[PDB]
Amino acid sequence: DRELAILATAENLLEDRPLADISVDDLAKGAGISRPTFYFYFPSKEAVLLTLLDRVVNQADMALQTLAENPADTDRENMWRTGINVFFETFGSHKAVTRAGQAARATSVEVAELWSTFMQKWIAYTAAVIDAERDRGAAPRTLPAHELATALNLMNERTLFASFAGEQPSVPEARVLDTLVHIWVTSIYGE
């Protein structure tokens, strides 16, 4: 629709500059509509970012659900690499939305709640897998699974997004998947 066109313009302009430096008129111009027509589809540029971030987080969540239902037939290290990769490729395919959506957590309760909701889901799934590994005798009973899951997910959020943003310091993007897989596997399976 014109909705899709607003969303594509916003994602395009966020590659060039921050949300603060993009106007409703910039989004309207880019989508080939007037400013009042824009305000019919979105109440604000902030709502546009919230919708883009919702699409990215849901894309990651659905990719992870697909993997859960379709396990790779490979060793445990490659199965964890496949799962972390869902987040590497999904957020890594949408760096501008990832960056702007992380920044908006400070100023938008809706953005903070969206992020919070999905982190709780991803941590709960990670914890359930660690517990199932322990129950089948493949992983030792060390830390409480939900606490370990929490720290590993927060590590991935900070480390992936620092790499994508080219922060100083950061792990090079071409090394971050291997880095995170090593820490997940050693901390889940290590005595």
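One-based numbering along the sequence shown.
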TODO: Check the entry's C-alpha temperature factors for 109 to 117 and 67 to 75, then say which stretch has the higher mean.
DONE: 67 to 75
TODO: Between 30 to 38 and 124 to 132, point out the one with the higher average CA B-factor as the PDB entry records it.
DONE: 30 to 38
- [ ] From the list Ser44, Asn58, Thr159, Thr142, select the residue with the highest C-alpha B factor recorded in the entry.
- [x] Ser44
Task: Third of chain Cα B-factors occupied by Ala10 - done: middle
TODO: Just say lowest, middle or highest third for the CA B-factor of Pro172 relative to the other modelled residues in its chain.
DONE: lowest
- [ ] Using the B-factors in the PDB entry, rank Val97's C-alpha atom against the chain and give the third, lowest, middle or highest.
- [x] middle
